[PDB]
Amino acid sequence: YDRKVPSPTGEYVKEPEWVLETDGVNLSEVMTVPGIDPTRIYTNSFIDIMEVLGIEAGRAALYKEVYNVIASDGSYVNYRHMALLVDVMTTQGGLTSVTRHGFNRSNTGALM
Amino acid sequence: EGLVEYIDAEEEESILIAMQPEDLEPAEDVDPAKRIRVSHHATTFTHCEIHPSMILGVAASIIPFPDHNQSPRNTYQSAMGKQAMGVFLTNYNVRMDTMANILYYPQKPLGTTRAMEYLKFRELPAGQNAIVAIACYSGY
Amino acid sequence: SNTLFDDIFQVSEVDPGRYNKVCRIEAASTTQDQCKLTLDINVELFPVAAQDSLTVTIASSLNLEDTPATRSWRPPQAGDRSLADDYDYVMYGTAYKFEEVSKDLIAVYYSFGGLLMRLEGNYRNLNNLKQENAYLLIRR
Amino acid sequence: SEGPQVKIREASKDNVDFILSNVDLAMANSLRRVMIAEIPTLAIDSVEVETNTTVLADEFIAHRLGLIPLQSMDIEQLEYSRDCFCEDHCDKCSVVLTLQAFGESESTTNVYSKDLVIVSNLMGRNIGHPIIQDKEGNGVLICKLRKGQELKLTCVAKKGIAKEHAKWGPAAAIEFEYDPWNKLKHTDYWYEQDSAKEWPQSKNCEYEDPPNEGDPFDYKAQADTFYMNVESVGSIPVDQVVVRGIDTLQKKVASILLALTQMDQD
Amino acid sequence: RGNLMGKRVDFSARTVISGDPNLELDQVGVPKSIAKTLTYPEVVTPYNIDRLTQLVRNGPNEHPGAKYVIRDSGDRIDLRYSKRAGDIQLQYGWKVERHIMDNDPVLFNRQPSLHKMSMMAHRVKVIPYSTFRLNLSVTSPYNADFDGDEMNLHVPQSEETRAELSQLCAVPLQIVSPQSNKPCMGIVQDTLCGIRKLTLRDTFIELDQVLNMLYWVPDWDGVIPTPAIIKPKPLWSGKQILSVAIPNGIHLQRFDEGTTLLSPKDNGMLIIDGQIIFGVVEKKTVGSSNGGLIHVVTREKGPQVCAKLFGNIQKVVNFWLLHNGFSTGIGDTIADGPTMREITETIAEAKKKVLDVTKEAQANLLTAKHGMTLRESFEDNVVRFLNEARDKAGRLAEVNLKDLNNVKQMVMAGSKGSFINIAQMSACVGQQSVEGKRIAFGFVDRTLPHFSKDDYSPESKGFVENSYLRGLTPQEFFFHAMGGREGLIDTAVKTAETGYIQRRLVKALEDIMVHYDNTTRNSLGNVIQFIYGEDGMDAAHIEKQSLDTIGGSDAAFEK
Amino acid sequence: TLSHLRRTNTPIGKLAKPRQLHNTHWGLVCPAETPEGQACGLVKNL
Amino acid sequence: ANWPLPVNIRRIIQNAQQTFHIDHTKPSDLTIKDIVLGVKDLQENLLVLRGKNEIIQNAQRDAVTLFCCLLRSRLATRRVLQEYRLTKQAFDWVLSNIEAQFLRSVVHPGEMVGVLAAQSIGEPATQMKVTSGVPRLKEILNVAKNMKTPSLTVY
Amino acid sequence: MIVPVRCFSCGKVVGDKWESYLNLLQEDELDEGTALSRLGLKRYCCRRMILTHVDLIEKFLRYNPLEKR
Amino acid sequence: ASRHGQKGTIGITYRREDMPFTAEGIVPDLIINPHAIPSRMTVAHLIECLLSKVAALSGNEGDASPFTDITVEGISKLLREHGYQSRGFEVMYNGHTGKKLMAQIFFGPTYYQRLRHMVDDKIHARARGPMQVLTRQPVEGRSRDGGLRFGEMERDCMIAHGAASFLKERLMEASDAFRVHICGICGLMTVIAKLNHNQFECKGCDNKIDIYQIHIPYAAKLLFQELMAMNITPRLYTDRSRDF
Amino acid sequence: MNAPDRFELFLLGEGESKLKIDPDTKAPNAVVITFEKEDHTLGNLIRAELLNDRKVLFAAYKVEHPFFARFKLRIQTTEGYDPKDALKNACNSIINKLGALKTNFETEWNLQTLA
Amino acid sequence: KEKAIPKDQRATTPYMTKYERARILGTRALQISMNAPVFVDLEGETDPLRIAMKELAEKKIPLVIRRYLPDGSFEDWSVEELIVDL
Amino acid sequence: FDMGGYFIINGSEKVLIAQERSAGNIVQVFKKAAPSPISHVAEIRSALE
Ligand SMILES: [Mg+2]
Ligand SMILES: [Zn+2]
Ligand SMILES: [Zn+2]
Ligand SMILES: [Zn+2]
């Protein structure tokens, strides 16, 4: 992959780095393997991110997953629209689904 | 006489069919406008298609040059060809139907299809030959 | 009113580009070795060929006596006298940029309704060109 | 007299071909618009059906009858039904035609426009008679009948213009062309390799000299010397179509002048 | 869901919609019969006592007219059957239910109505015929065409809703969408193609035509601009006349690839004081794009000024295109002989490359790419070669197209089409894929009963070598039909699945609102965000800007 | 009328994708005649 | 460096230059003290929250952090005097417009952002190695324990 | 169902040429192209009016009359 | 619609003297936008027009069967033999002014079809009309003077616009609106109101001075009554019991 | 059905005038004339004739909507020249030119033999 | 009245919102349509909405907006003192 | 031109749409998903006409 890191002169230059892509997720055990950068490891499934790094880390991971889907087709959506959806999904100290088993099990009035 | 044979989908799995007798059957400059046709250089043909155009149905046999169209457009025409006013029957004056539509002056197409002969479209046409201009005239 | 710039140029080359009526001509002044002109000319009304000599003049107004959307343009009337009578090709446009090329070289950009002109010269010959509207007169 | 010039190339009872020179494009275009849409003509407008045992609908026959071209040489002597002081219609603003056909023969019998009979008082006029323009002497095939079928109806003809309905249109296609050599650069010829070889030359190209093949474009030239071919449907003579087209356009301009004068007083 | 959340309502109308380039952006054409059915209860006041009395006299069968008279006591008097006693004497405080007139604000909607711009308020314009009429520029927000689509109309019945509808839902207020902080309305179709043609350097307009074009702009100042060319013939450039529609004081600058101050290709854009200096006008300028002319105008001069811009540009551009013309035919999809010879060789070279790989795999001398099987690696190589063959073939055809080619003209202006459309119509349809893979062996080890088993050549697994101009062979026709069926199935399935997703999302966030303390809370009062969007701004007012401090080298920063 | 007299219907728990135009359909059912709605692919024409 | 931000400063600067017809050659009358203090006190008027307590004031300061960075970068002492050639009258005009434009961009209380956000995310969905498109969006919205193609990225 | 009275495009009368057209095809042994030109139909708008017309009236006339006099 | 998926409605009708005309005097019976061709790639539509033009000029029946040896170039050659542009382009004149159109128009015959959808069978409006017996809302169906559905999605868009008052007007004044009396003790709609005598009573609570009237949709009344028959007590109250 | 009666294209209605002349405030000595029950046939002809007059500075016409048969004509003349007088001269020129054409056509037609 | 914030410590935005303007114009327009006394000089106008717009421009609308907080507290803002900047 | 092929029931023309079904008396082997004790199943819908 190509990542833009600051150059010693002060400019941003693209340098190549070797990145490993995996099928299957074991975040807890892989994160401890020596030789990798634990401060940058990312997982496709935001569920394991929440269980290992916390709700706030899951919040960022959830937004990135949503952003990728929206940006996969080239469409652009304002950040706050996705941020609000992600914030609602993580406001109850956890990842609440948008089905009848998630937001519809709260206490917001029977009529709603 | 053994000149033609009925073949089902299961039996097609064990035969080799030729698109047309013109080129594939005979043992084997070229016009730049003709489509690129593959000979397939096969010398074991067991059957020959009556005509490739017969793979189409009743509704798809009315389209002129359907092979010069994007596939989804042909599908739309098939559905729309069934909603076109015409002459469903010649005895519309003695039948009491819930609803019936009859065109005043039906005309047969200027560009027709050979399969169209057996659908009686030249006897019961649904449409007219209008003079059409493709232009941006008034923005309407 | 009064001429802001006048000189005689020799057309180095003519480029029709992708257009059929407008050509971009590169010319250099015959008296100054640091003056060049890039101009777009409607060759349908004023054909231009290579190695041709053109007298280029820029004026702020067309009326003879000095008078230093201003006013609604009206068709010329019989007996009207103006600087345009002494030239063959006349254009009206606006200056939209003043660029410094070197210590003493100044380039002025003009746009006559989409036909762009670039006048490059020393600081002491293009000092009368202001960021305003001006007429361009060309005589063969 | 030293105004627009006219030169007739081919004259017939159905088509007139001429060159209209020393005229402006606006006038030439307006003339053809008036010839198509604003020349009064006589046509069947209402039909009363007494008996109809045919295989066609009553409105189907009525529509066909309205498209039958009728003589309109003396149309100016007729009056508009809207401008006449009559209950429904009279001999001063209308013509009545009757059609009666019965299937007396075993074979199919054809009903033509020659079977229409005028039952009104023409008062010495020259209008109403259906136009017969074929060798056999029959007219338009209005309907077909078999044995035992009868058609009985009455037609009323009124004067109108094509703007109200196309059936009062007295002129067929009108050819109109100018500058066959494209010397005014009014068209950008679409082509693949060479426009001249791909675009056939108009038949009018022989009446004008070709371009000098290298001369500068003439920006002072204005379109003139229009080539026109007016066709007539047969209701009125083709020459009368052009003559009355000019008359109609002249009257319309005069009406504007008259209206302007009336405003001047007030 | 069927009777409380959504229910059928009165005072509404439905009919087919049509396009009218002579209608303002916010105007809607209403059929006369519909206007005679829908009514608005207007209160009788000293200001309209005379006007309302005339409507009562006109009766309910003559537009403009009235249908009912409601007294202050609540009694309703039907105008029909009432004329026998003569016209009613009106009094202050009464209500006269009269036909909807011109300029009456109405709500115009089209289902499924997936976003707020699909339901906007328009101004009534009673018209002949039995169809609704609306401006072309507002079709994109509605996602509507004129192939038979129908739209719903709703008439407010109170002054409060009348003012609320016209001050929040008005079309001009929806020009800049908050979904992507970019305009959702722009010049489209004929006006987009015409404006691109009109702004070319070769477009010059004579005096007679210029006067007509100038007069077509309602807000024209009555001053004829000086022609770009004064002698030997007064000619106005296309940019000069179009600049009249652009309001004064608008500045816009854009540089495309290779664009300089002396634009050699006439690309880019430069507008000073509402005058176009150089550059062609296309979708990047007058379309629904970020930073375009519409975005600049609506943010600098307001929404009402921007609404007038839509009409002015359309009126001037449509008139010019009416007298200029623009068409397209078979001749626009035909490439010259040399291009076809190059295209045929290009495809043959790709086939030969595919032949070589198909021979190495048969010899087992091909090593599978890491992470993929031998067969999967072979398929990827074949697909890559064939996909590139179509792209290269299309490039040759597109380059050969002349500037006069109508299909090329449409693509350049952005009105319709794209590169792939030109390539498939003229050069090569390409490889047909089902389930993201080549045509599978429906039969035993073959695709159709015309090839021998284990045939992996492009012609066998669904490579359409011909173009739509040349025609598809029967094998290609069936393979192409198979690919299209995948698209039709996806369209049906995608619509159903996506509709459920949208409903779920809306219901989960329907009770979230921004409060007067700038915090985002739901119906329970729980705080979702302590400030909307983490910055407190509105998406409709956001624009993309460059941060000059983050970028650049240290030396550049110091300088 | 002719099309309606030659139509076929496929009642849709199954593990397959019957809506696709299978290769064996060549020459037996029209590859282009199918409804555009919920019945796409399931209703075929001979 | 290209990010969405409320006020388009570049357009405002251009309007000031074109409105007052900046000479671009004659020296300006601006002073270094005026520019630095003019920009500094402008940042104080960019009020999103109006509480008079420490917690709200800190939140207000944080809310305009990024915008102030853009404001300072564009209205730099060197850039204003050297690149823009702004006059004191022009500079004051720019400052007033920036304050007015920023206050117009603030979200209006009572706006139903929740429905707007849902429609802005759902409307694009109708037009839509790893799972993408609607199946992935369904995978995200529906919190499914087992996803089709889980993956890890290791640096 | 029956030959139109007028050409749709230009309004030329074509309803009085149907029998002549049929006669030319049958007795004169002329192809449809030559017969159309001999009838004076030059513009292709008129040619398609007679060339593509279907005479459904003949089929209807085969049914016995509903009401005989 | 044509035989190639191209369908559309009549935008406007023009008389003969307004339509563009060729040098021969032929005016189109129909005008379609060029923009429909590229995105849809219905090349057969263009070929058919070229073939149909040749067929009419030659008095023949065009052969448009899918898989034949007929090529576009062959049609073009025959068309050129007739004195027409090989690609079907013609020089046209503007009907308003008579001036030549700068561009040449693809012009020829094509077979078009009239579909069953006519606007007169769809146009309909409703100010007021019959209501359903059960829900007391506008009936369904054009033939029965029914109303139009203001569905939940439409409600969502109005909530986004912030037009709270308009939303109430659609749901109450433009649809079912019912006034009911509720008891101050029990929130049930079981108050017997003798409006002629100006008397109210809530049997079971034994009160006549604690009655309130509320405006709710008739459907809402039906829901609560249905719930009451289901042993559920939806109680409507006018005063708050808990602070926000 | 909402199809207007076809006679509304040319027939003048009740309480309606053929011409409606109103002064234009956008430019000096400019007037706008509204023609009722007229189309491009007269607007194009009148506008073209006006442009031939050296004392007319601006002359243009437009049809706001094709549904209605009315067009607007804007005329601006030099100071001291009445726009109404300019219209008078233009109409008279058209009438005179048309009359000359009619006579020329008739004399040429009388010289033919086939018809 | 502990739910009424005194004018000295109001912390809401001093700018009238689009929703506040929409209701104020609609409410005042409705009152005008029902024969309410007009407090602004009329230079010729019959539309109640237009008259309301004229009143708002001159700040002659005798109404106050009671902005509610998510806890039940509220602030009273007069139309005259609210700046109309949008 | 009428081709028949339909029934007249209560005055209404009714057409019997052909119904597509899987052939009987044919052995078909299918694979099941991982969450199942059975990996492969051979099923025959025995039918006697
Ligand atoms: Mg549609
Ligand atoms: Zn009479
Ligand atoms: Zn014709
Ligand atoms: Zn009680």
# chains A, B, ... in the order shown; residues from 1 in each chain; ligands from 1
>>> residues_near_ligand(ligand="ligand 1", cutoff="7 Å", atoms="only C-alpha atoms and all ligand atoms", output="list in words")
residues 144, 145, 146, 147, 148 and 149 of chain E
>>> write_last_selection(atoms="N, CA, C and O atoms", output="mmCIF file, in the first residue's frame")
data_model
loop_
_atom_site.group_PDB
_atom_site.id
_atom_site.type_symbol
_atom_site.label_atom_id
_atom_site.label_comp_id
_atom_site.auth_asym_id
_atom_site.auth_seq_id
_atom_site.Cartn_x
_atom_site.Cartn_y
_atom_site.Cartn_z
ATOM 1 N N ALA E 144 -37.635 12.061 -11.472
ATOM 2 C CA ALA E 144 -38.802 11.849 -12.310
ATOM 3 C C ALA E 144 -38.472 12.149 -13.763
ATOM 4 O O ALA E 144 -37.708 13.069 -14.069
ATOM 5 N N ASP E 145 -39.059 11.356 -14.655
ATOM 6 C CA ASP E 145 -39.000 11.621 -16.085
ATOM 7 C C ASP E 145 -40.421 11.744 -16.616
ATOM 8 O O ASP E 145 -41.384 11.577 -15.862
ATOM 9 N N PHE E 146 -40.565 12.032 -17.903
ATOM 10 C CA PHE E 146 -41.866 12.248 -18.524
ATOM 11 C C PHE E 146 -42.233 11.090 -19.442
ATOM 12 O O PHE E 146 -42.803 11.281 -20.518
ATOM 13 N N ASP E 147 -41.908 9.871 -19.023
ATOM 14 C CA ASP E 147 -42.295 8.669 -19.745
ATOM 15 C C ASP E 147 -43.649 8.133 -19.300
ATOM 16 O O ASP E 147 -44.073 7.079 -19.782
ATOM 17 N N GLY E 148 -44.333 8.832 -18.398
ATOM 18 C CA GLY E 148 -45.623 8.387 -17.909
ATOM 19 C C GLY E 148 -45.762 8.518 -16.408
ATOM 20 O O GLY E 148 -46.778 8.113 -15.835
ATOM 21 N N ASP E 149 -44.747 9.081 -15.758
ATOM 22 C CA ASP E 149 -44.771 9.213 -14.310
ATOM 23 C C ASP E 149 -45.878 10.164 -13.874
ATOM 24 O O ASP E 149 -46.245 11.099 -14.589
#
>>> residues_near_ligand(ligand="ligand 3", cutoff="10 Å", atoms="only C-alpha atoms and all ligand atoms", output="compact mmCIF listing (two decimals) with N, CA and C atoms, in the first residue's frame")
# COMPACT_ATOMS: atom_id res chain seq x y z
N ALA D 172 -51.07 21.00 -49.92
CA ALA D 172 -50.27 19.85 -49.51
C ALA D 172 -48.85 20.33 -49.23
N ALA D 173 -47.89 19.41 -49.13
CA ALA D 173 -46.51 19.77 -48.88
C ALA D 173 -46.08 20.94 -49.76
N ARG H 6 -56.52 11.22 -46.36
CA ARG H 6 -55.41 12.13 -46.55
C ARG H 6 -54.13 11.54 -45.99
N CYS H 7 -53.00 11.94 -46.57
CA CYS H 7 -51.70 11.61 -46.01
C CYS H 7 -51.54 12.27 -44.65
N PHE H 8 -51.05 11.51 -43.67
CA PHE H 8 -50.94 12.04 -42.31
C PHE H 8 -49.97 13.22 -42.26
N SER H 9 -48.85 13.13 -42.98
CA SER H 9 -47.82 14.15 -42.85
C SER H 9 -48.18 15.43 -43.60
N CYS H 10 -48.43 15.33 -44.91
CA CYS H 10 -48.62 16.50 -45.75
C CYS H 10 -50.05 16.74 -46.18
N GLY H 11 -50.97 15.81 -45.93
CA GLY H 11 -52.37 16.03 -46.23
C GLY H 11 -52.78 15.76 -47.66
N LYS H 12 -51.90 15.20 -48.48
CA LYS H 12 -52.27 14.85 -49.84
C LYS H 12 -53.38 13.80 -49.83
N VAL H 13 -54.31 13.92 -50.77
CA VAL H 13 -55.43 12.99 -50.85
C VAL H 13 -54.93 11.67 -51.42
N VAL H 14 -55.01 10.61 -50.62
CA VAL H 14 -54.58 9.28 -51.03
C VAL H 14 -55.70 8.26 -50.96
N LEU H 41 -47.28 9.42 -56.20
CA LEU H 41 -46.84 9.47 -54.81
C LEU H 41 -45.31 9.51 -54.81
N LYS H 42 -44.75 10.71 -54.70
CA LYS H 42 -43.30 10.89 -54.75
C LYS H 42 -42.66 10.98 -53.37
N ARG H 43 -43.22 11.79 -52.47
CA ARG H 43 -42.69 11.90 -51.12
C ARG H 43 -42.91 10.58 -50.38
N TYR H 44 -41.87 10.11 -49.68
CA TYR H 44 -41.99 8.83 -48.99
C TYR H 44 -43.01 8.88 -47.87
N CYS H 45 -43.43 10.07 -47.45
CA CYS H 45 -44.53 10.16 -46.48
C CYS H 45 -45.82 9.61 -47.08
N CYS H 46 -46.06 9.90 -48.36
CA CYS H 46 -47.23 9.37 -49.04
C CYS H 46 -47.08 7.91 -49.43
N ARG H 47 -45.87 7.47 -49.77
CA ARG H 47 -45.67 6.09 -50.21
C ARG H 47 -46.03 5.11 -49.10
N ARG H 48 -45.59 5.39 -47.87
CA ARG H 48 -45.89 4.49 -46.76
C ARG H 48 -47.38 4.49 -46.42
N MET H 49 -48.10 5.56 -46.77
CA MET H 49 -49.53 5.59 -46.49
C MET H 49 -50.26 4.50 -47.26
N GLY I 25 -40.52 19.52 -48.37
CA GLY I 25 -41.77 19.89 -47.76
C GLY I 25 -42.34 18.88 -46.79
N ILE I 26 -41.56 17.90 -46.37
CA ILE I 26 -42.04 16.87 -45.46
C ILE I 26 -41.81 17.34 -44.03
N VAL I 27 -42.87 17.33 -43.22
CA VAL I 27 -42.78 17.70 -41.81
C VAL I 27 -42.89 16.43 -40.98
>>> residues_near_ligand(ligand="ligand 4", cutoff="6 Å", atoms="only C-alpha atoms and all ligand atoms", output="list in words")
residues 183, 185, 186, 202 and 205 of chain I
>>> residues_around(residues="region 188-191 of chain I", least_positions_apart="4", cutoff="8 Å", atoms="only C-alpha atoms", output="list in words")
residues 180, 181, 182, 183, 200, 201, 202, 203, 211, 233, 234, 235 and 236 of chain I
>>> residues_around(residues="residue 251 (chain D)", least_positions_apart="4", cutoff="12 Å", atoms="only C-alpha atoms", output="compact mmCIF listing (two decimals) with N, CA and C atoms, in the first residue's frame")
# COMPACT_ATOMS: atom_id res chain seq x y z
N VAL D 34 -48.77 31.11 -44.16
CA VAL D 34 -50.14 31.50 -44.47
C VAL D 34 -50.76 30.55 -45.49
N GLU D 38 -53.78 29.39 -43.11
CA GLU D 38 -54.70 30.52 -42.97
C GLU D 38 -55.46 30.87 -44.25
N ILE D 39 -55.55 29.97 -45.22
CA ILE D 39 -56.36 30.18 -46.41
C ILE D 39 -57.74 29.58 -46.16
N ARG D 244 -54.18 33.80 -53.12
CA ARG D 244 -54.93 34.04 -51.90
C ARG D 244 -54.05 34.01 -50.66
N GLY D 245 -52.93 33.28 -50.71
CA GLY D 245 -51.99 33.34 -49.60
C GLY D 245 -51.41 34.73 -49.42
N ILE D 246 -51.08 35.38 -50.53
CA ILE D 246 -50.62 36.77 -50.47
C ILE D 246 -51.75 37.67 -49.97
N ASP D 247 -52.96 37.45 -50.48
CA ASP D 247 -54.10 38.27 -50.07
C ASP D 247 -54.37 38.13 -48.57
N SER D 255 -55.09 44.53 -40.96
CA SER D 255 -55.87 44.51 -39.73
C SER D 255 -55.09 45.11 -38.57
N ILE D 256 -53.79 44.80 -38.49
CA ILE D 256 -52.96 45.41 -37.46
C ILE D 256 -52.95 46.93 -37.61
N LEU D 257 -52.80 47.41 -38.85
CA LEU D 257 -52.82 48.85 -39.08
C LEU D 257 -54.16 49.45 -38.68
N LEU D 258 -55.26 48.78 -39.03
CA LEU D 258 -56.57 49.28 -38.66
C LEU D 258 -56.74 49.31 -37.15
N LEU J 42 -46.90 36.80 -38.02
CA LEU J 42 -46.83 38.26 -38.03
C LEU J 42 -45.63 38.78 -37.25
N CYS J 91 -45.58 48.40 -41.26
CA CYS J 91 -46.76 47.74 -41.81
C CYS J 91 -47.05 48.21 -43.22
N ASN J 92 -46.93 49.52 -43.47
CA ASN J 92 -47.17 50.04 -44.81
C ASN J 92 -46.19 49.45 -45.81
N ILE J 94 -44.74 46.52 -45.65
CA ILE J 94 -45.13 45.13 -45.90
C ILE J 94 -46.32 45.08 -46.85
N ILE J 95 -47.31 45.94 -46.64
CA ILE J 95 -48.48 45.95 -47.51
C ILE J 95 -48.08 46.30 -48.94
N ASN J 96 -47.24 47.32 -49.10
CA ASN J 96 -46.79 47.70 -50.44
C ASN J 96 -45.98 46.59 -51.08
N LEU J 98 -46.07 43.33 -50.43
CA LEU J 98 -46.94 42.21 -50.75
C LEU J 98 -47.77 42.49 -51.99
N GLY J 99 -48.29 43.71 -52.12
CA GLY J 99 -49.07 44.05 -53.30
C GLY J 99 -48.27 43.91 -54.58
>>> select_by_dssp(residues="region 43-76 of chain K", states="strand (DSSP E or B)", output="list in words")
residues 64, 65, 66, 67, 68, 74, 75 and 76 of chain K
>>> write_last_selection(atoms="C-alpha atoms", output="mmCIF file, in the first residue's frame")
data_model
loop_
_atom_site.group_PDB
_atom_site.id
_atom_site.type_symbol
_atom_site.label_atom_id
_atom_site.label_comp_id
_atom_site.auth_asym_id
_atom_site.auth_seq_id
_atom_site.Cartn_x
_atom_site.Cartn_y
_atom_site.Cartn_z
ATOM 1 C CA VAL K 64 -42.874 37.024 21.667
ATOM 2 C CA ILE K 65 -41.404 33.580 21.006
ATOM 3 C CA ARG K 66 -41.313 31.247 24.021
ATOM 4 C CA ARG K 67 -38.339 29.010 23.253
ATOM 5 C CA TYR K 68 -38.584 25.749 25.199
ATOM 6 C CA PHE K 74 -38.148 28.490 28.571
ATOM 7 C CA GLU K 75 -36.991 31.938 27.484
ATOM 8 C CA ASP K 76 -39.237 34.718 26.185
#
>>> residues_near_ligand(ligand="ligand 2", cutoff="10 Å", atoms="only C-alpha atoms and all ligand atoms", output="list in words")
residues 78, 79, 80, 81, 82, 83, 84, 85, 86, 87, 88, 89, 90, 91, 92, 93, 94 and 158 of chain D
>>> decode(residues="region 36-45 of chain L", atoms="N, CA, C and O atoms", output="mmCIF file, in the first residue's frame")
data_model
loop_
_atom_site.group_PDB
_atom_site.id
_atom_site.type_symbol
_atom_site.label_atom_id
_atom_site.label_comp_id
_atom_site.auth_asym_id
_atom_site.auth_seq_id
_atom_site.Cartn_x
_atom_site.Cartn_y
_atom_site.Cartn_z
ATOM 1 N N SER L 36 -24.756 -28.395 9.645
ATOM 2 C CA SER L 36 -25.660 -29.529 9.498
ATOM 3 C C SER L 36 -24.877 -30.835 9.582
ATOM 4 O O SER L 36 -23.789 -30.942 9.000
ATOM 5 N N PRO L 37 -25.386 -31.848 10.290
ATOM 6 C CA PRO L 37 -24.656 -33.124 10.361
ATOM 7 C C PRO L 37 -24.552 -33.839 9.027
ATOM 8 O O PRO L 37 -23.677 -34.699 8.873
ATOM 9 N N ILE L 38 -25.409 -33.514 8.062
ATOM 10 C CA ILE L 38 -25.439 -34.182 6.767
ATOM 11 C C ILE L 38 -24.689 -33.323 5.761
ATOM 12 O O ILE L 38 -24.983 -32.131 5.608
ATOM 13 N N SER L 39 -23.721 -33.927 5.073
ATOM 14 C CA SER L 39 -22.931 -33.216 4.076
ATOM 15 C C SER L 39 -23.548 -33.322 2.685
ATOM 16 O O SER L 39 -23.671 -32.315 1.980
ATOM 17 N N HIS L 40 -23.938 -34.527 2.280
ATOM 18 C CA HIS L 40 -24.544 -34.762 0.979
ATOM 19 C C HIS L 40 -25.833 -35.550 1.157
ATOM 20 O O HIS L 40 -25.958 -36.387 2.053
ATOM 21 N N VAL L 41 -26.799 -35.268 0.287
ATOM 22 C CA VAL L 41 -28.089 -35.950 0.309
ATOM 23 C C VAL L 41 -28.494 -36.262 -1.122
ATOM 24 O O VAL L 41 -28.489 -35.379 -1.985
ATOM 25 N N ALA L 42 -28.835 -37.521 -1.377
ATOM 26 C CA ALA L 42 -29.353 -37.954 -2.668
ATOM 27 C C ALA L 42 -30.845 -38.215 -2.523
ATOM 28 O O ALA L 42 -31.251 -39.131 -1.799
ATOM 29 N N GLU L 43 -31.657 -37.418 -3.210
ATOM 30 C CA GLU L 43 -33.104 -37.475 -3.084
ATOM 31 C C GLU L 43 -33.737 -37.783 -4.433
ATOM 32 O O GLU L 43 -33.339 -37.237 -5.466
ATOM 33 N N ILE L 44 -34.731 -38.669 -4.409
ATOM 34 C CA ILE L 44 -35.502 -39.024 -5.594
ATOM 35 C C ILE L 44 -36.978 -38.924 -5.241
ATOM 36 O O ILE L 44 -37.444 -39.579 -4.303
ATOM 37 N N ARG L 45 -37.713 -38.101 -5.986
ATOM 38 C CA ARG L 45 -39.153 -37.953 -5.790
ATOM 39 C C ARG L 45 -39.843 -39.000 -6.654
ATOM 40 O O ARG L 45 -40.279 -38.727 -7.773
#
